[PDB]
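Structure record follows, encoded as structure tokens.
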Protein chains: 2
Amino acid sequence: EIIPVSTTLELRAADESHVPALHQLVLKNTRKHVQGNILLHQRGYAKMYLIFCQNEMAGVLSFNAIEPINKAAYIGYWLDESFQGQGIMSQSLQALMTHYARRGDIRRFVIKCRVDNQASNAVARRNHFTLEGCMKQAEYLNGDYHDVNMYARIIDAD
Amino acid sequence: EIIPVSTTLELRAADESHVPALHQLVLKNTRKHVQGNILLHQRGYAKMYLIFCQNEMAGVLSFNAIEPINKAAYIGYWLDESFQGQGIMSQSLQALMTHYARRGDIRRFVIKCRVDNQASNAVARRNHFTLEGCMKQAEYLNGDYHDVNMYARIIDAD
């Protein structure tokens, strides 16, 4: 399952064959994790895609969870250190969302990220997500509960 | 497991013994559903409590899901027709939240309800929840996707 993104970028559904290489990147920046995500991916309970840039694995773009009935997905992503700040996530995400709007099984795309997560907030804004609210102390990290921005983009009928 | 609420109200953790009676109320307004919720309840993945008023079963008060690490719970509830509009959910919920703040495993209590759900919005406001945002077209119901208010109350340290 490949989702074209651009001349140099493409998303590939996470496969058992990727485990070796991703683990390398995980470590640098698993099988059970991947096998587990593949099962959700086949059931439409989540999606796990690998981002390839000029054929090199560069990071992961996920729908952490999906609410089939509400046709809603929460987005999660991470990029290897040498592939950050280059719009690879922005172009990959717009392509992925367009592709699912065309499939039709997802219409509401959601990004929940810490208010202090400078990188995720910028992806949300560059990709025209609307800030719907701020969940107080919603995410525990490093001993504290941090506020989280909830962003959404709808792509379906007018 | 009983959580006192008041002179006449109390919450009882859903038990296999309740199936017969709840099913009656479900029908009026299951075992698999209950057995399934009991398992999540024992693991702290959700909670399902039965609301009793003067010893008669009157409805259900649930933590539809829990995020153990974030110590966050999403609230769900329903009352039999003859027990609505009487603050039974409001008193039961304040008691339940206080009880969990004392246990300490939950500090962020969340109510997501349709903007047009007059009853749930009033419970949220009467129980001092803060409206954190409005999720656009987030809940499918009767052929349409409806906007949903997200409310939260934190009960932990100052």
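A note on labels: chains of the structure tokens are A, B, ... as shown, every chain counts residues from 1, and ligands are counted from 1 in their shown order.
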Taking the DSSP secondary structure from the backbone, can you list the residues of region 101-140 of chain B that are strand (DSSP E or B), as a CSV table (one decimal) with N, CA and C atoms, in the first residue's frame?
```csv
chain,number,residue,atom,x,y,z
B,108,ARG,N,-8.0,14.3,36.0
B,108,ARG,CA,-8.6,15.1,34.9
B,108,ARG,C,-9.9,14.4,34.5
B,109,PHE,N,-11.0,15.0,34.7
B,109,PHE,CA,-12.3,14.4,34.4
B,109,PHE,C,-12.9,15.1,33.2
B,110,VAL,N,-13.2,14.3,32.2
B,110,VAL,CA,-13.7,15.0,30.9
B,110,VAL,C,-15.0,14.6,30.5
B,111,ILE,N,-15.8,15.6,30.1
B,111,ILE,CA,-17.2,15.3,29.5
B,111,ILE,C,-17.2,15.8,28.1
B,112,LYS,N,-17.4,14.9,27.1
B,112,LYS,CA,-17.5,15.3,25.7
B,112,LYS,C,-19.0,15.0,25.4
B,113,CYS,N,-19.7,16.1,25.0
B,113,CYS,CA,-21.1,15.8,24.7
B,113,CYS,C,-21.5,16.7,23.5
B,114,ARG,N,-22.5,16.3,22.7
B,114,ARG,CA,-22.9,17.1,21.5
B,114,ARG,C,-23.3,18.4,22.0
B,130,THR,N,-15.1,23.2,33.1
B,130,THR,CA,-14.8,24.3,32.2
B,130,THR,C,-14.9,23.9,30.8
B,131,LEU,N,-15.5,24.7,29.9
B,131,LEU,CA,-15.6,24.3,28.5
B,131,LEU,C,-14.2,24.7,27.9
B,132,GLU,N,-13.5,23.6,27.5
B,132,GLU,CA,-12.2,23.7,26.9
B,132,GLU,C,-12.2,23.9,25.4
B,133,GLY,N,-13.3,23.5,24.7
B,133,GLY,CA,-13.4,23.7,23.3
B,133,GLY,C,-14.6,23.0,22.7
B,134,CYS,N,-14.7,23.2,21.3
B,134,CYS,CA,-15.8,22.6,20.6
B,134,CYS,C,-15.2,21.9,19.4
B,135,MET,N,-15.4,20.5,19.3
B,135,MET,CA,-14.8,19.7,18.3
B,135,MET,C,-15.8,19.7,17.1
B,136,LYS,N,-15.5,20.2,16.0
B,136,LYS,CA,-16.4,20.3,14.8
B,136,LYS,C,-16.8,19.0,14.2
B,137,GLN,N,-18.1,18.7,14.1
B,137,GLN,CA,-18.5,17.5,13.5
B,137,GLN,C,-17.9,16.2,14.0
B,138,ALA,N,-17.7,16.1,15.3
B,138,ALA,CA,-17.0,15.0,15.8
B,138,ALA,C,-17.8,13.8,16.2
B,139,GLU,N,-19.1,13.9,16.3
B,139,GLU,CA,-19.9,12.7,16.7
B,139,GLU,C,-21.0,12.4,15.7
B,140,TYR,N,-20.9,11.2,15.1
B,140,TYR,CA,-21.9,10.9,14.1
B,140,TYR,C,-23.2,10.4,14.8
```
Counting only C-alpha atoms, what is within 12 Å of residue 86 (chain A), bar same-chain residues fewer than 6 positions away, as a compact mmCIF listing (two decimals) with N, CA, C and O atoms, in the first residue's frame?
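Full text of out.txt as output:
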```txt
# COMPACT_ATOMS: atom_id res chain seq x y z
N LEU A 9 9.04 12.04 -2.26
CA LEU A 9 8.45 11.48 -1.04
C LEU A 9 7.34 10.50 -1.33
O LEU A 9 6.57 10.65 -2.32
N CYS A 53 12.06 9.20 1.75
CA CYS A 53 12.47 10.39 1.00
C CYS A 53 13.60 9.89 0.10
O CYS A 53 14.61 9.45 0.62
N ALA A 58 12.69 7.85 6.44
CA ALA A 58 12.93 9.10 7.15
C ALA A 58 12.12 9.34 8.41
O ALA A 58 12.44 10.23 9.17
N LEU A 79 10.09 12.27 12.89
CA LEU A 79 11.08 12.30 11.82
C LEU A 79 12.49 12.13 12.34
O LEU A 79 12.84 12.68 13.40
N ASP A 80 13.30 11.39 11.57
CA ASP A 80 14.71 11.23 11.90
C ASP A 80 15.32 12.62 11.92
O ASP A 80 14.89 13.52 11.20
N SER A 92 3.71 15.25 3.38
CA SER A 92 3.20 13.87 3.53
C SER A 92 1.80 13.86 4.13
O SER A 92 0.90 13.11 3.71
N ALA A 119 7.38 22.21 17.40
CA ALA A 119 7.34 21.57 16.07
C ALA A 119 5.93 21.12 15.68
O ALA A 119 5.45 21.43 14.59
N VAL A 123 3.33 22.36 12.49
CA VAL A 123 2.78 21.46 11.45
C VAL A 123 1.27 21.72 11.40
O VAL A 123 0.70 21.90 10.34
```
Subject >> CA of residue 35 (chain A) to CA of residue 67 (chain B), distance in Å rounded to a single decimal >> reply: 22.7 Å
Original post:
Got a sec to tell me which of chain B DSSP assigns to alpha helix (DSSP H), as a VMD selection string?
Top reply: chain B and resid 19 to 28 31 to 43 88 to 103 118 to 126
Write the residues of the selection above to a file with C-alpha atoms, as a compact mmCIF listing (two decimals), in the first residue's frame.
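For reference, result06.txt as written:
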```
# COMPACT_ATOMS: atom_id res chain seq x y z
CA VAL B 19 -27.06 -7.94 34.53
CA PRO B 20 -30.64 -9.17 35.00
CA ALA B 21 -31.93 -5.87 36.31
CA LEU B 22 -29.95 -3.49 34.12
CA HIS B 23 -31.00 -5.42 31.02
CA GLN B 24 -34.55 -4.74 32.13
CA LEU B 25 -33.85 -0.99 32.30
CA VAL B 26 -31.82 -1.07 29.03
CA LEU B 27 -34.80 -2.64 27.34
CA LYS B 28 -37.19 -0.30 29.10
CA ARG B 31 -24.38 -9.64 29.88
CA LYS B 32 -21.64 -9.60 27.32
CA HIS B 33 -21.65 -5.80 27.52
CA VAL B 34 -21.48 -5.91 31.29
CA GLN B 35 -18.93 -8.73 31.52
CA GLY B 36 -16.80 -6.77 29.04
CA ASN B 37 -17.04 -3.57 31.08
CA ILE B 38 -16.20 -5.42 34.36
CA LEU B 39 -12.88 -6.56 32.82
CA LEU B 40 -11.92 -2.98 31.88
CA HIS B 41 -13.06 -1.85 35.34
CA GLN B 42 -10.69 -4.30 37.09
CA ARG B 43 -7.82 -3.15 34.91
CA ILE B 88 -28.94 12.40 40.80
CA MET B 89 -26.19 12.44 38.10
CA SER B 90 -24.81 15.75 39.45
CA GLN B 91 -24.54 14.46 43.03
CA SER B 92 -23.33 11.06 41.92
CA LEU B 93 -20.66 12.56 39.67
CA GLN B 94 -19.31 14.99 42.28
CA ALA B 95 -19.03 12.09 44.70
CA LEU B 96 -17.34 9.85 42.15
CA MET B 97 -14.78 12.52 41.18
CA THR B 98 -13.97 13.33 44.82
CA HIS B 99 -13.54 9.63 45.51
CA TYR B 100 -11.08 9.23 42.59
CA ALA B 101 -9.16 12.38 43.51
CA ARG B 102 -8.76 10.77 46.94
CA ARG B 103 -7.66 7.42 45.35
CA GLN B 118 -29.21 19.94 26.36
CA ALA B 119 -29.08 17.48 29.30
CA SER B 120 -25.34 16.66 29.17
CA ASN B 121 -24.32 20.30 28.75
CA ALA B 122 -26.29 21.24 31.84
CA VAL B 123 -24.62 18.46 33.91
CA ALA B 124 -21.25 19.75 32.79
CA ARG B 125 -22.08 23.31 33.83
CA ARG B 126 -23.81 22.46 37.15
```
**OP:** Report the distance between CA of residue 29 (chain A) and CA of residue 83 (chain A) in Å, rounded to one decimal place.
**Re:**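 Those two atoms sit 11.7 Å apart.
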**OP:** Would you work out the distance separating CA of residue 55 (chain B) from CA of residue 74 (chain B), expressed in Å to one decimal?
**Re:**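 If I compute the distance from CA of residue 55 (chain B) to CA of residue 74 (chain B), I get 26.4 Å.
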**OP:** Using only C-alpha atoms, find the one residue out of A:81, A:104, A:152, A:13 that sits nearest to residue 61 (chain A).
**Re:** A:13
Original post:
So which one's closest to chain A, B:70, B:149, B:30, B:82? Using only C-alpha atoms, please.
Top reply: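 Selected residue with least distance to chain A: B:70.
Nearest to chain A of all the residues B:72, B:3, B:155, B:51 is B:72, based on only C-alpha atoms.
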